[PDB]
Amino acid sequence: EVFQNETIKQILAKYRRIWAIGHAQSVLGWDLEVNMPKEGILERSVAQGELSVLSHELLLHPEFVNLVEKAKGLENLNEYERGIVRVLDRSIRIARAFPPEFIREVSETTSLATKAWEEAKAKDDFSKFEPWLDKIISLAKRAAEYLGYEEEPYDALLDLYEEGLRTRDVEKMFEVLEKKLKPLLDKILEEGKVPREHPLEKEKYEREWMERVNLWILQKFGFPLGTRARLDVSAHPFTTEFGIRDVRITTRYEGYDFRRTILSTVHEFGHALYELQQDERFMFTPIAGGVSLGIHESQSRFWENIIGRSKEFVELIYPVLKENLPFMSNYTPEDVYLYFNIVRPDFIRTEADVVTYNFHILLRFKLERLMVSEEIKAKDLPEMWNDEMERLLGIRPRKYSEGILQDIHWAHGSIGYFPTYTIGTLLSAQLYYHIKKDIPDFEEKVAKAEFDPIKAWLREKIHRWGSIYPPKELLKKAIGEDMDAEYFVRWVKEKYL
């Protein structure tokens, strides 16, 4: 029916083995974080390693690659079948762009590099990690050559984490944020409307109190708990898809600052819904699943910030908070909303509010570009970081852990990854104004917990296409236009001005 070409079918049967191995990995990883007694790590680690090598092997097997090149040349394929070919053609090209010994080198350098990152952080001493960063930079440039770019070295790595993304796209979006968000940010600070801190940040809670709250929210979102999804606790919130009918999320309960576990939970719901709403006809195939990190982030941010931080959502949840949190007797829905919408320039990215958040990513983009496209030395980075930080947020890191040693990303050799976060942020606001024209009383829906029509809109515009189309093609198909940072600027204004 959907897949009827004889070659496409042969490709799909061979792919089921690859898919299967992926299902095992997802469970292995999920379990690692959620149930695995600590000493099970070693054996768990070797099993994952072995599986990773196996799947790569299968992906590059001459029979599988050849079948794909053959289908690539067929003229009678339907759009779904063409999706399969497109997706695999790209995975195969990336999977074989790096030589086997280069992959070996990157694996070895990064492992030591991260061990050195942890050392440098524990000693608030950058010199420990410095020499290893220079070796990562060098590898990042070799990597760019391997994938090959066609404009600028940094394009190759940007494309690696967000298919089709070019340095121009990122440059332009941030160019817009510097001319409009920045002054917008400075006015909100002096303005006053929203605070830089809130006492609710300090209120304590017992685990049980907040998990009831989280469970309440998910139920109202219509999360298929026990049926097609689960909620668990782990060290770091994430989402994992075992299948279209088995998507799991996790959150953590710090024991204070309850906004954290909520928005974190809603954030993951955003990702999970994308996977839950995949076209079941695509089950077991390469076109089922979110297309990119950028698009996935647009979904998590849509739910977390476009909805999770709105007054209607706050109003919708308020009675539940009051019902489970004793200290809530002293706070009104206005308190909570202000608490949910704190704007405050600070050092830690993961701590950043939605208005200052992107500038953190903007700084990483700037440095990363210079590192891969130019010839900078690791020793000069920490100071560049602090200058950009002061220039954008008006604060200068006083400790390495407050600046360049925040994230391990560069230590994992993950260069060109960061801008995907801003992509999610901007796209969230952009989708906001688009769903708004099909659902003008969007806010009323949130207040009344009538999320079905919102979820089905996301489903028909984004989720259902899985990976049939690359990110840019997918976005134009959903809203008829390219990504544009202007929408985010409007959202912040409308939000705080």
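Note that residue numbering follows the sequence shown and begins at 1.
- Higher mean CA B-factor, judged across 241 to 249 and 78 to 86 from the recorded values: 78 to 86.
- Just going by the entry, 90 to 98 versus 164 to 172 on mean CA temperature factor gives the higher value to 90 to 98.
- Remark: of 112, 276, 361, 427, 112 shows the highest value [criterion: C-alpha B-factor in the PDB entry].
- As recorded in the PDB entry, 104 shows the highest C-alpha B-factor of the residues 230, 281, 104, 259.
- When all modelled residues of the chain are sorted by CA temperature factor, residue 460 is found within the lowest third.
- In this PDB entry, the Cα temperature factor of residue 33 sits in the bottom third of its chain's modelled residues, the lowest group.
- Residue 332 sits in the middle third of its chain by CA B factor, as recorded in the PDB entry.
- Split the chain's modelled residues into thirds by C-alpha temperature factor. Residue 419 is in the lowest one.
- Among all modelled residues in this chain, the alpha-carbon of residue 183 has a temperature factor (C-alpha) in the middle third.
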